[PDB]
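Student: Dropping the structure in here first, questions after.
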Number of protein chains: 2
Amino acid sequence: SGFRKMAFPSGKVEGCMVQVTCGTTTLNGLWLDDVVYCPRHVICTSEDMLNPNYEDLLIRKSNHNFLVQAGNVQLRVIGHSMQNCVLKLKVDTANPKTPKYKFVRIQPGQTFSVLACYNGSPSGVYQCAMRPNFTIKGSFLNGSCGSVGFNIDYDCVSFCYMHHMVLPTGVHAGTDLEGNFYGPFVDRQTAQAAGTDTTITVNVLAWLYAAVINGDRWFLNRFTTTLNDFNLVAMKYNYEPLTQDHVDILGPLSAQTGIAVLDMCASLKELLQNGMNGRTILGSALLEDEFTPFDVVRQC
Amino acid sequence: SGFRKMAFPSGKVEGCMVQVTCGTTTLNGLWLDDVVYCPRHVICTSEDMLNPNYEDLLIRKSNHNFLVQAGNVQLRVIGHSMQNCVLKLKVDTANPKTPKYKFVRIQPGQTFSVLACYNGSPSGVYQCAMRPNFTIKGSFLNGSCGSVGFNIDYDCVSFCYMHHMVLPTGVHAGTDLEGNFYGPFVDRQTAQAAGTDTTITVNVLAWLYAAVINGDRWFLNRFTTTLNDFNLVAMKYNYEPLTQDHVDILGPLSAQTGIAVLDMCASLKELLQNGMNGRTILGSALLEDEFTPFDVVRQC
Ligand SMILES: Cn1cc(-c2cc(-c3cc(Cl)c(F)c(OCc4ccccc4Cl)c3)c(=O)n(-c3cccnc3)c2)c(=O)[nH]c1=O
Ligand SMILES: Cn1cc(-c2cc(-c3cc(Cl)c(F)c(OCc4ccccc4Cl)c3)c(=O)n(-c3cccnc3)c2)c(=O)[nH]c1=O
């Protein structure tokens with residue numbers, strides 16, 4: 001009963017967030033085992049951020065120039081390296097609160113949980129998705145850099161995101177914990193376009209099955225449709241094409257609800273073609289798409 | 001840059017959530033110092049929930065009939081009592097992870113953070129508000145009972161809510177950690193109406209100032225208005241009347257934005273009187289009202 005944008009419980013990840021200070025720049029880092037991950041532009045200066053040669057900058061730097069503070073206790077840096085666009089600071093201590101963790105690289109449409117941080121101190125948590133153009137619509141201010149995205153399968157925290165920068169368009173970009181940017185984005189202050197953002201078609205169909213479970217059934221109709229016909233409508237409107245894989249994913253939701261997936265697609269088409277007429281589906285005058293089929297089952 | 005429904009970081013409260021089993025009924029509890037709080041209908045049975053005499057039931061029960069499990073470790077109950085609609089189980093141990101905490105009773109419109117639990121294990125976290133009719137629109141399934149609502153001022157966790165029941169209308173009701181229900185609700189399965197739910201007028205004005213900070217300024221106009229005239233419009237539409245207190249609260253947001261509060265009210269009236277014409281304010285085709293003026297400053 002009820003449906004909300006829930007976020008994974010953030011306890012495990014709070015215990016890994018540290019402050020990382022280089023020169024005058026300060027930003028958050030992730031402390032797992034005896035290594036501290038943080039964005040590499042920590043080492044950039046005002047002038048260098050137009051186009052930095054990170055090798056040149058990383059080279060003039062030494063371990064004592066990196067100041068890592070775990071809450072109110074300083075860690076000793078004894079090794080530094082650069083994997084893609086992240087710094088990896090070896091430290092003398094192993095975090096006693098290291099959970100079971102993993103570094104996964106996720107796919108556009110998958111949702112994760114963000115623990116927004118400033119000076120290594122938790123501030124808030126929220127759920128969001130990886131847009132198909134590999135940007136995210138988050139909540140980030142100066143110092144938010146280094147904040148992590150993560151999923152918790154049970155006792156294992158799968159880290160998928162590290163925040164780096166806002167684009168001039170107010171959208172954010174980041175890397176995986178190996179340092180690979182999601183998208184065609186680089187960590188220099190130069191012209192970078194986001195690209196065409198479509199809707200996560202499968203996540204909307206998952207969010208509609210959630211509504212039939214919770215009482216909102218007004219959007220249902222007596223029509224049906226073909227996979228091909230729907231996508232033609234999902235192209236006029238900018239919707240990610242729906243595939244057979246996507247239909248198998250939604251199978252569990254169809255068996256619960258007794259509604260063929262292609263019958264849900266038929267109602268989505270009418271919602272696209274005719275709008276909502278000022279109505280509401282779980283308190284949203286817009287069709288939400290940041291709920292994965294798995295999310296809806298997780299939350300039931 | 002960006003604005004989202006953030007929730008307080010949930011680490012501190014996760015460490016207080018325990019499982020509480022009585023008879024066949026199981027539900028979550030809150031373990032602070034050497035006491036375990038949980039809803040009292042833990043002691044009810046199928047038949048008794050029509051109208052239970054909690055004294056009668058509480059009386060036939062003894063300390064060993066209450067089973068408290070902190071994760072995977074059992075606590076010994078050595079005292080039981082009933083404060084309003086909550087059970088208070090004295091235990092031999094004092095939770096090593098008790099934070100600085102407080103029991104506040106909040107007012108309709110104030111927002112808090114929920115840590116939804118089942119069998120005393122965190123599942124997810126989300127932000128929500130106390131509707132003016134003292135109900136909440138949350139995310140709760142069977143076993144969600146005992147989950148807590150809380151605000152974190154800095155290092156002090158102010159507990160304000162404990163979940164008890166869903167109403168037949170899909171809305172939830174709860175108590176404060178002293179056991180007083182928010183609203184005219186009782187903990188028996190009988191006819192209880194929610195009441196007229198209005199919109200938190202001040203929280204919308206706080207959410208509109210947030211939009212001017214983040215780039216969405218299309219809803220602004222060259223009009224003004226009087227406090228009285230607006231409320232007349234806030235009565236036709238079901239909006240909590242706006243008071244001078246409410247205007248002083250929004251003062252900080254007006255000094256940041258250079259927009260008189262009564263000029264924001266003038267745009268809200270047009271948004272009410274003329275709708276949004278399919279537009280968007282921070283990605284919401286509806287006027288959101290679960291952001292307190294303080295929330296918007298917290299998140300900036
Ligand atoms: C010195 N310094 C800097 C930062 C810091 C750096 C950045 C930042 C980092 C890199 Cl590599 C950039 F290429 C960059 O240009 C992105 C860009 C490209 C093209 C047009 C416009 C733009 Cl904006 C920006 C940032 O985006 N943010 C931020 C701010 C607000 C919300 N989210 C992220 C913050 C910091 O946190 N601490 C600290 O000391
Ligand atoms: C045996 N038993 C029972 C519960 C349990 C009890 C309740 C519950 C508790 C009390 Cl005092 C009630 F007066 C009650 O009638 C509310 C009502 C009144 C009038 C018309 C309809 C209704 Cl529904 C309900 C519940 O509402 N929920 C729940 C379920 C789904 C989401 N949220 C809350 C769960 C439990 O958790 N564990 C366990 O073992």
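In the structure tokens, the first chain shown is A, the next is B, and so on; residue numbers restart at 1 for each chain, and ligands run from 1 in the order shown.
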Please, which residues of chain A lie no more than 10 Å from chain B when the count uses only C-alpha atoms, and can they be set out as a tab-separated table (two decimals) with N, CA and C atoms, in the first residue's frame?
Tutor:
```tsv
chain	number	residue	atom	x	y	z
A	1	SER	N	0.85	-1.23	0.00
A	1	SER	CA	0.00	0.00	0.00
A	1	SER	C	0.87	1.25	0.00
A	2	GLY	N	0.83	1.99	-1.10
A	2	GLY	CA	1.68	3.15	-1.29
A	2	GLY	C	2.85	2.84	-2.20
A	3	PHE	N	3.36	3.88	-2.86
A	3	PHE	CA	4.50	3.73	-3.75
A	3	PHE	C	5.27	5.05	-3.78
A	4	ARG	N	6.57	4.98	-3.48
A	4	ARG	CA	7.40	6.17	-3.38
A	4	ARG	C	8.79	5.89	-3.92
A	5	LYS	N	9.50	6.97	-4.25
A	5	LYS	CA	10.90	6.91	-4.67
A	5	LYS	C	11.75	6.58	-3.45
A	6	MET	N	11.84	5.30	-3.13
A	6	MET	CA	12.67	4.86	-2.03
A	6	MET	C	14.13	4.78	-2.46
A	7	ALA	N	15.02	4.99	-1.49
A	7	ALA	CA	16.45	4.81	-1.68
A	7	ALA	C	16.94	3.73	-0.73
A	8	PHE	N	17.95	2.97	-1.17
A	8	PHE	CA	18.54	1.94	-0.32
A	8	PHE	C	18.94	2.56	1.01
A	9	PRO	N	18.89	1.81	2.11
A	9	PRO	CA	19.38	2.36	3.39
A	9	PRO	C	20.87	2.66	3.29
A	10	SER	N	21.25	3.86	3.70
A	10	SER	CA	22.56	4.43	3.39
A	10	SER	C	23.61	4.17	4.47
A	11	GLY	N	23.29	3.38	5.49
A	11	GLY	CA	24.22	3.21	6.59
A	11	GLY	C	25.59	2.72	6.15
A	12	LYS	N	25.61	1.65	5.35
A	12	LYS	CA	26.88	1.03	4.99
A	12	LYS	C	27.80	2.01	4.27
A	13	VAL	N	27.25	2.86	3.41
A	13	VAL	CA	28.10	3.71	2.58
A	13	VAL	C	28.54	4.96	3.34
A	14	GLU	N	27.73	5.44	4.28
A	14	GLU	CA	28.15	6.58	5.09
A	14	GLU	C	29.51	6.33	5.74
A	15	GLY	N	29.73	5.10	6.22
A	15	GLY	CA	30.97	4.75	6.88
A	15	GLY	C	32.18	4.68	5.98
A	114	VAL	N	21.93	7.57	-4.43
A	114	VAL	CA	23.00	8.55	-4.25
A	114	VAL	C	23.04	8.97	-2.79
A	115	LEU	N	24.25	9.03	-2.24
A	115	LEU	CA	24.51	9.58	-0.91
A	115	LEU	C	25.30	10.87	-1.13
A	116	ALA	N	24.59	12.00	-1.17
A	116	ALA	CA	25.22	13.29	-1.43
A	116	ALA	C	26.05	13.73	-0.23
A	117	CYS	N	27.27	14.19	-0.49
A	117	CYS	CA	28.22	14.49	0.57
A	117	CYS	C	28.89	15.83	0.31
A	121	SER	N	30.95	14.47	4.71
A	121	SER	CA	29.88	14.25	5.66
A	121	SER	C	28.56	14.02	4.94
A	122	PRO	N	27.87	12.91	5.21
A	122	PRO	CA	26.55	12.71	4.59
A	122	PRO	C	25.63	13.90	4.79
A	123	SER	N	24.87	14.22	3.74
A	123	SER	CA	23.86	15.27	3.77
A	123	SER	C	22.46	14.76	3.47
A	124	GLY	N	22.30	13.91	2.46
A	124	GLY	CA	20.99	13.38	2.13
A	124	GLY	C	21.13	12.26	1.12
A	125	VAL	N	20.03	11.54	0.92
A	125	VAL	CA	19.99	10.38	0.04
A	125	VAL	C	18.75	10.45	-0.83
A	126	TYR	N	18.89	10.03	-2.09
A	126	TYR	CA	17.79	10.03	-3.04
A	126	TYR	C	18.07	9.01	-4.13
A	127	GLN	N	16.99	8.53	-4.75
A	127	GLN	CA	17.07	7.58	-5.85
A	127	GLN	C	16.97	8.32	-7.18
A	128	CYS	N	17.74	7.85	-8.17
A	128	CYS	CA	17.70	8.43	-9.50
A	128	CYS	C	18.23	7.40	-10.49
A	137	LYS	N	19.90	13.46	-13.50
A	137	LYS	CA	19.25	14.63	-12.91
A	137	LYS	C	19.28	14.45	-11.40
A	138	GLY	N	20.28	15.04	-10.75
A	138	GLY	CA	20.49	14.83	-9.33
A	138	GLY	C	20.30	16.06	-8.49
A	139	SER	N	21.04	16.15	-7.38
A	139	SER	CA	21.00	17.31	-6.49
A	139	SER	C	22.43	17.52	-5.99
A	140	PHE	N	23.16	18.42	-6.64
A	140	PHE	CA	24.59	18.57	-6.39
A	140	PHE	C	24.97	20.03	-6.35
A	141	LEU	N	25.74	20.41	-5.33
A	141	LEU	CA	26.32	21.74	-5.19
A	141	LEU	C	27.84	21.59	-5.18
A	142	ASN	N	28.54	22.73	-5.19
A	142	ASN	CA	29.99	22.70	-5.14
A	142	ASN	C	30.44	21.93	-3.90
A	152	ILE	N	22.38	-1.96	-3.16
A	152	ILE	CA	22.65	-2.94	-2.11
A	152	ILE	C	21.80	-4.18	-2.41
A	154	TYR	N	22.00	-7.17	-0.82
A	154	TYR	CA	21.58	-7.75	0.45
A	154	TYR	C	22.54	-7.30	1.55
A	166	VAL	N	28.87	19.24	-13.07
A	166	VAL	CA	27.61	19.68	-13.65
A	166	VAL	C	27.89	20.21	-15.05
A	167	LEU	N	27.00	19.93	-15.97
A	167	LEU	CA	27.07	20.53	-17.29
A	167	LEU	C	26.37	21.88	-17.27
A	168	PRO	N	26.70	22.78	-18.20
A	168	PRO	CA	26.03	24.10	-18.20
A	168	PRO	C	24.51	24.00	-18.25
A	169	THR	N	23.99	22.83	-18.61
A	169	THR	CA	22.55	22.61	-18.71
A	169	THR	C	21.93	22.15	-17.39
A	170	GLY	N	22.69	22.15	-16.31
A	170	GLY	CA	22.19	21.71	-15.03
A	170	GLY	C	22.11	20.21	-14.85
A	171	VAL	N	22.67	19.43	-15.77
A	171	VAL	CA	22.68	17.98	-15.67
A	171	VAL	C	24.07	17.54	-15.26
A	172	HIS	N	24.15	16.40	-14.58
A	172	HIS	CA	25.39	15.95	-13.96
A	172	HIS	C	25.96	14.75	-14.70
A	214	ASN	N	-1.81	-0.72	-6.64
A	214	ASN	CA	-2.08	0.24	-5.57
A	214	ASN	C	-3.42	0.96	-5.73
A	215	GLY	N	-4.24	0.59	-6.72
A	215	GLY	CA	-5.60	1.06	-6.82
A	215	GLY	C	-5.88	1.95	-8.02
A	275	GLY	N	-2.83	12.20	-23.62
A	275	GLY	CA	-2.52	12.83	-22.36
A	275	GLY	C	-3.30	12.22	-21.20
A	278	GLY	N	-5.46	15.89	-17.02
A	278	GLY	CA	-5.36	16.41	-15.67
A	278	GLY	C	-5.54	15.38	-14.57
A	280	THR	N	-4.25	11.64	-12.48
A	280	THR	CA	-3.10	11.34	-11.63
A	280	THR	C	-2.91	9.84	-11.55
A	283	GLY	N	-0.16	10.00	-7.82
A	283	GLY	CA	0.21	11.37	-7.51
A	283	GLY	C	1.27	11.95	-8.42
A	284	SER	N	1.18	11.69	-9.72
A	284	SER	CA	2.13	12.22	-10.69
A	284	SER	C	1.38	12.58	-11.96
A	285	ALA	N	1.26	13.87	-12.24
A	285	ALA	CA	0.69	14.31	-13.50
A	285	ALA	C	1.62	14.05	-14.68
A	286	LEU	N	2.80	13.47	-14.44
A	286	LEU	CA	3.72	13.06	-15.49
A	286	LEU	C	3.97	11.56	-15.37
A	287	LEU	N	4.31	10.94	-16.50
A	287	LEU	CA	4.59	9.51	-16.52
A	287	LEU	C	6.02	9.27	-16.04
A	288	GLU	N	6.15	8.74	-14.82
A	288	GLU	CA	7.46	8.54	-14.21
A	288	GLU	C	8.18	7.34	-14.83
A	298	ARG	N	10.94	-5.08	-5.74
A	298	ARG	CA	11.59	-4.80	-4.46
A	298	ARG	C	10.62	-4.12	-3.50
A	299	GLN	N	9.98	-3.05	-3.94
A	299	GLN	CA	9.02	-2.33	-3.13
A	299	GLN	C	7.65	-2.99	-3.12
A	300	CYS	N	7.39	-3.93	-4.03
A	300	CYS	CA	6.11	-4.62	-4.09
A	300	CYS	C	4.99	-3.63	-4.39
```
Student: Contacts of residue 69 of chain A at 7 Å or less, counting only C-alpha atoms, minus same-chain residues fewer than 6 places along, as an MDAnalysis selection string?
Tutor: chainID A and resid 18:20 75
Student: For the atom pair atom CA of residue 27 of chain A and atom 31 (C, counted along the ligand's line) of ligand 1, what is the interatomic distance in Å to one decimal place?
Tutor: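 Result for atom CA of residue 27 of chain A versus atom 31 (C, counted along the ligand's line) of ligand 1: 11.2 Å, one decimal.
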Student: Would you pick out the contacts of segment 244-250 of chain B at 9 Å or less, using only C-alpha atoms, so that residues sharing its chain but fewer than 5 positions from it are not included, and give the list as an MDAnalysis selection string?
Tutor: chainID B and resid 201:202 205:206 209 227 255 261:262 293:294
Student: Can those selected residues be exported to a file as a PDB file, in the first residue's frame so that it contains N, CA and C atoms?
Tutor:
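Generated output (selection15.pdb):
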```
ATOM      1  N   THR B 201       0.212  25.215   1.810  1.00  0.00           N
ATOM      2  CA  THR B 201       0.461  26.401   0.997  1.00  0.00           C
ATOM      3  C   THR B 201       1.896  26.891   1.140  1.00  0.00           C
ATOM      4  N   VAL B 202       2.415  26.924   2.368  1.00  0.00           N
ATOM      5  CA  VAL B 202       3.755  27.459   2.581  1.00  0.00           C
ATOM      6  C   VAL B 202       4.802  26.574   1.912  1.00  0.00           C
ATOM      7  N   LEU B 205       5.041  27.490  -1.770  1.00  0.00           N
ATOM      8  CA  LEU B 205       5.788  28.728  -1.957  1.00  0.00           C
ATOM      9  C   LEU B 205       7.278  28.511  -1.735  1.00  0.00           C
ATOM     10  N   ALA B 206       7.638  27.627  -0.801  1.00  0.00           N
ATOM     11  CA  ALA B 206       9.040  27.268  -0.624  1.00  0.00           C
ATOM     12  C   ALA B 206       9.561  26.490  -1.826  1.00  0.00           C
ATOM     13  N   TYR B 209      10.200  29.120  -4.801  1.00  0.00           N
ATOM     14  CA  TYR B 209      11.480  29.805  -4.655  1.00  0.00           C
ATOM     15  C   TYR B 209      12.631  28.891  -5.058  1.00  0.00           C
ATOM     16  N   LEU B 227      -2.479  39.544   0.884  1.00  0.00           N
ATOM     17  CA  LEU B 227      -2.598  38.296   1.628  1.00  0.00           C
ATOM     18  C   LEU B 227      -4.041  37.810   1.641  1.00  0.00           C
ATOM     19  N   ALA B 255      15.007  37.117   0.363  1.00  0.00           N
ATOM     20  CA  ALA B 255      16.251  37.875   0.301  1.00  0.00           C
ATOM     21  C   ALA B 255      17.244  37.236  -0.659  1.00  0.00           C
ATOM     22  N   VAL B 261       7.449  37.978  -1.262  1.00  0.00           N
ATOM     23  CA  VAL B 261       6.608  36.802  -1.059  1.00  0.00           C
ATOM     24  C   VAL B 261       5.247  37.003  -1.712  1.00  0.00           C
ATOM     25  N   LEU B 262       4.650  38.184  -1.534  1.00  0.00           N
ATOM     26  CA  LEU B 262       3.350  38.439  -2.141  1.00  0.00           C
ATOM     27  C   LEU B 262       3.420  38.449  -3.663  1.00  0.00           C
ATOM     28  N   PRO B 293      10.001  25.305   3.734  1.00  0.00           N
ATOM     29  CA  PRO B 293      10.968  26.393   3.556  1.00  0.00           C
ATOM     30  C   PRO B 293      12.364  26.036   4.065  1.00  0.00           C
ATOM     31  N   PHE B 294      12.448  25.325   5.196  1.00  0.00           N
ATOM     32  CA  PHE B 294      13.755  24.932   5.719  1.00  0.00           C
ATOM     33  C   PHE B 294      14.415  23.886   4.827  1.00  0.00           C
TER      34      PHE B 294
END
```
Student: Give me, as an MDAnalysis selection string, all polymer residues having an atom no more than 8 Å from residue 211 of chain A, counting only C-alpha atoms and skipping those fewer than 5 positions away in the same chain.
Tutor: chainID A and resid 216:217 281:282
Student: Would you write out, as JSON lines, a table of all residues in chain B that have an atom no more than 8 Å from an atom of ligand 2, listing for each the closest atom pair and the distance in Å to one decimal, considering only C-alpha atoms and all ligand atoms and ordering rows by chain and rising residue number?
Tutor:
```
{"residue": "B:24", "atom": "CA", "partner": "ligand 2", "partner_atom_place_in_ligand_line": "39 (O)", "distance": 6.3}
{"residue": "B:25", "atom": "CA", "partner": "ligand 2", "partner_atom_place_in_ligand_line": "39 (O)", "distance": 3.3}
{"residue": "B:26", "atom": "CA", "partner": "ligand 2", "partner_atom_place_in_ligand_line": "39 (O)", "distance": 4.8}
{"residue": "B:27", "atom": "CA", "partner": "ligand 2", "partner_atom_place_in_ligand_line": "36 (O)", "distance": 5.5}
{"residue": "B:40", "atom": "CA", "partner": "ligand 2", "partner_atom_place_in_ligand_line": "11 (Cl)", "distance": 7.8}
{"residue": "B:41", "atom": "CA", "partner": "ligand 2", "partner_atom_place_in_ligand_line": "11 (Cl)", "distance": 5.0}
{"residue": "B:42", "atom": "CA", "partner": "ligand 2", "partner_atom_place_in_ligand_line": "38 (C)", "distance": 7.0}
{"residue": "B:44", "atom": "CA", "partner": "ligand 2", "partner_atom_place_in_ligand_line": "1 (C)", "distance": 7.2}
{"residue": "B:45", "atom": "CA", "partner": "ligand 2", "partner_atom_place_in_ligand_line": "1 (C)", "distance": 6.6}
{"residue": "B:46", "atom": "CA", "partner": "ligand 2", "partner_atom_place_in_ligand_line": "1 (C)", "distance": 6.7}
{"residue": "B:49", "atom": "CA", "partner": "ligand 2", "partner_atom_place_in_ligand_line": "13 (F)", "distance": 6.1}
{"residue": "B:50", "atom": "CA", "partner": "ligand 2", "partner_atom_place_in_ligand_line": "13 (F)", "distance": 7.3}
{"residue": "B:139", "atom": "CA", "partner": "ligand 2", "partner_atom_place_in_ligand_line": "31 (C)", "distance": 7.8}
{"residue": "B:140", "atom": "CA", "partner": "ligand 2", "partner_atom_place_in_ligand_line": "31 (C)", "distance": 4.4}
{"residue": "B:141", "atom": "CA", "partner": "ligand 2", "partner_atom_place_in_ligand_line": "31 (C)", "distance": 3.6}
{"residue": "B:142", "atom": "CA", "partner": "ligand 2", "partner_atom_place_in_ligand_line": "29 (C)", "distance": 3.6}
{"residue": "B:143", "atom": "CA", "partner": "ligand 2", "partner_atom_place_in_ligand_line": "36 (O)", "distance": 3.5}
{"residue": "B:144", "atom": "CA", "partner": "ligand 2", "partner_atom_place_in_ligand_line": "32 (N)", "distance": 5.6}
{"residue": "B:145", "atom": "CA", "partner": "ligand 2", "partner_atom_place_in_ligand_line": "36 (O)", "distance": 5.2}
{"residue": "B:163", "atom": "CA", "partner": "ligand 2", "partner_atom_place_in_ligand_line": "33 (C)", "distance": 7.6}
{"residue": "B:164", "atom": "CA", "partner": "ligand 2", "partner_atom_place_in_ligand_line": "9 (C)", "distance": 5.9}
{"residue": "B:165", "atom": "CA", "partner": "ligand 2", "partner_atom_place_in_ligand_line": "26 (O)", "distance": 3.2}
{"residue": "B:166", "atom": "CA", "partner": "ligand 2", "partner_atom_place_in_ligand_line": "26 (O)", "distance": 4.3}
{"residue": "B:167", "atom": "CA", "partner": "ligand 2", "partner_atom_place_in_ligand_line": "22 (C)", "distance": 4.8}
{"residue": "B:168", "atom": "CA", "partner": "ligand 2", "partner_atom_place_in_ligand_line": "21 (C)", "distance": 4.4}
{"residue": "B:172", "atom": "CA", "partner": "ligand 2", "partner_atom_place_in_ligand_line": "32 (N)", "distance": 7.0}
{"residue": "B:186", "atom": "CA", "partner": "ligand 2", "partner_atom_place_in_ligand_line": "13 (F)", "distance": 7.0}
{"residue": "B:187", "atom": "CA", "partner": "ligand 2", "partner_atom_place_in_ligand_line": "11 (Cl)", "distance": 3.8}
{"residue": "B:188", "atom": "CA", "partner": "ligand 2", "partner_atom_place_in_ligand_line": "13 (F)", "distance": 3.5}
{"residue": "B:189", "atom": "CA", "partner": "ligand 2", "partner_atom_place_in_ligand_line": "18 (C)", "distance": 3.6}
{"residue": "B:190", "atom": "CA", "partner": "ligand 2", "partner_atom_place_in_ligand_line": "19 (C)", "distance": 4.5}
{"residue": "B:191", "atom": "CA", "partner": "ligand 2", "partner_atom_place_in_ligand_line": "19 (C)", "distance": 5.3}
{"residue": "B:192", "atom": "CA", "partner": "ligand 2", "partner_atom_place_in_ligand_line": "19 (C)", "distance": 6.3}
```
Student: Would you export the selected residues with N, CA and C atoms as a short mmCIF file (atom, residue, chain, number, x, y, z; two decimals), in the first residue's frame, please?
Tutor:
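Writing the result to part37.cif gives the following:
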```
data_model
loop_
_atom_site.label_atom_id
_atom_site.label_comp_id
_atom_site.auth_asym_id
_atom_site.auth_seq_id
_atom_site.Cartn_x
_atom_site.Cartn_y
_atom_site.Cartn_z
N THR B 24 2.16 -14.77 17.37
CA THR B 24 2.49 -14.92 15.96
C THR B 24 2.80 -13.59 15.28
N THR B 25 2.41 -12.48 15.90
CA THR B 25 2.62 -11.16 15.31
C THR B 25 4.08 -10.73 15.45
N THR B 26 4.63 -10.20 14.37
CA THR B 26 5.98 -9.65 14.37
C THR B 26 5.95 -8.26 13.74
N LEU B 27 6.73 -7.35 14.30
CA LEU B 27 6.82 -5.99 13.78
C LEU B 27 8.08 -5.34 14.34
N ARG B 40 1.64 -1.08 20.22
CA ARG B 40 1.06 -1.98 21.20
C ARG B 40 0.16 -3.04 20.57
N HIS B 41 -0.35 -2.81 19.36
CA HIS B 41 -1.15 -3.85 18.71
C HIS B 41 -0.31 -5.07 18.34
N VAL B 42 0.99 -5.04 18.64
CA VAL B 42 1.80 -6.25 18.60
C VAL B 42 1.14 -7.36 19.39
N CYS B 44 -2.07 -7.88 19.84
CA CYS B 44 -3.42 -8.21 19.41
C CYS B 44 -3.44 -9.49 18.59
N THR B 45 -4.60 -10.13 18.57
CA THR B 45 -4.85 -11.32 17.77
C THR B 45 -5.94 -11.01 16.74
N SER B 46 -6.17 -11.98 15.85
CA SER B 46 -7.12 -11.78 14.76
C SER B 46 -8.46 -11.26 15.27
N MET B 49 -8.68 -7.52 17.16
CA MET B 49 -8.42 -6.27 16.47
C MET B 49 -9.69 -5.53 16.06
N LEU B 50 -10.87 -6.13 16.23
CA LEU B 50 -12.10 -5.37 16.03
C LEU B 50 -12.25 -4.29 17.10
N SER B 139 4.95 4.41 2.07
CA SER B 139 5.16 3.16 1.35
C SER B 139 5.29 2.07 2.41
N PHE B 140 4.19 1.37 2.68
CA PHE B 140 4.14 0.45 3.81
C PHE B 140 3.40 -0.82 3.42
N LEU B 141 3.99 -1.96 3.75
CA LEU B 141 3.39 -3.27 3.59
C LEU B 141 3.25 -3.92 4.97
N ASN B 142 2.60 -5.08 5.02
CA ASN B 142 2.46 -5.78 6.28
C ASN B 142 3.84 -6.05 6.88
N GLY B 143 4.00 -5.72 8.16
CA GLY B 143 5.28 -5.74 8.81
C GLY B 143 5.98 -4.39 8.87
N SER B 144 5.52 -3.42 8.07
CA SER B 144 6.08 -2.08 8.13
C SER B 144 5.87 -1.43 9.49
N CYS B 145 4.89 -1.90 10.27
CA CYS B 145 4.60 -1.30 11.56
C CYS B 145 5.88 -1.21 12.39
N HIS B 163 4.98 4.22 12.73
CA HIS B 163 3.88 3.76 11.89
C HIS B 163 3.08 2.67 12.59
N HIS B 164 1.76 2.70 12.38
CA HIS B 164 0.87 1.75 13.02
C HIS B 164 -0.06 1.03 12.06
N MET B 165 -0.65 1.73 11.10
CA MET B 165 -1.76 1.14 10.36
C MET B 165 -1.98 1.87 9.05
N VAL B 166 -2.54 1.13 8.09
CA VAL B 166 -3.08 1.71 6.87
C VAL B 166 -4.59 1.87 7.04
N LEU B 167 -5.12 2.96 6.55
CA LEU B 167 -6.56 3.13 6.49
C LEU B 167 -7.10 2.49 5.23
N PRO B 168 -8.39 2.13 5.20
CA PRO B 168 -8.94 1.51 3.98
C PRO B 168 -8.72 2.34 2.72
N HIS B 172 -1.81 6.22 5.62
CA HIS B 172 -1.22 5.65 6.82
C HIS B 172 -1.36 6.60 8.00
N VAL B 186 -7.61 5.87 16.09
CA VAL B 186 -7.45 4.91 17.17
C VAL B 186 -6.89 3.62 16.58
N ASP B 187 -6.26 2.82 17.43
CA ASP B 187 -5.63 1.58 16.99
C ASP B 187 -6.57 0.39 17.14
N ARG B 188 -7.77 0.51 16.59
CA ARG B 188 -8.69 -0.60 16.45
C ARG B 188 -9.28 -0.56 15.04
N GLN B 189 -9.59 -1.75 14.51
CA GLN B 189 -10.08 -1.87 13.14
C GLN B 189 -11.56 -1.52 13.10
N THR B 190 -11.84 -0.22 13.13
CA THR B 190 -13.19 0.30 13.08
C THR B 190 -13.23 1.47 12.10
N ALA B 191 -14.44 1.97 11.85
CA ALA B 191 -14.62 3.04 10.89
C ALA B 191 -13.94 4.32 11.37
N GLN B 192 -12.94 4.78 10.62
CA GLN B 192 -12.25 6.03 10.92
C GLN B 192 -12.05 6.80 9.62
#
```
Student: Leaving out segment 95-111 of chain A and any residue of its chain fewer than 4 positions from it, which residues lie within 8 Å of it when counting only C-alpha atoms, given as a VMD selection string?
Tutor: chain A and resid 12 15 to 16 31 to 34 127 to 134 155 to 160 176 to 178 200 203 290 to 292
Student: In segment 17-170 of chain B, what's strand (DSSP E) per DSSP? Answer as an NGL selection string?
Tutor: :B and (17-22 or 25-32 or 35-39 or 66-70 or 73-75 or 77-83 or 86-91 or 100-103 or 111-118 or 121-129 or 148-152 or 156-166)
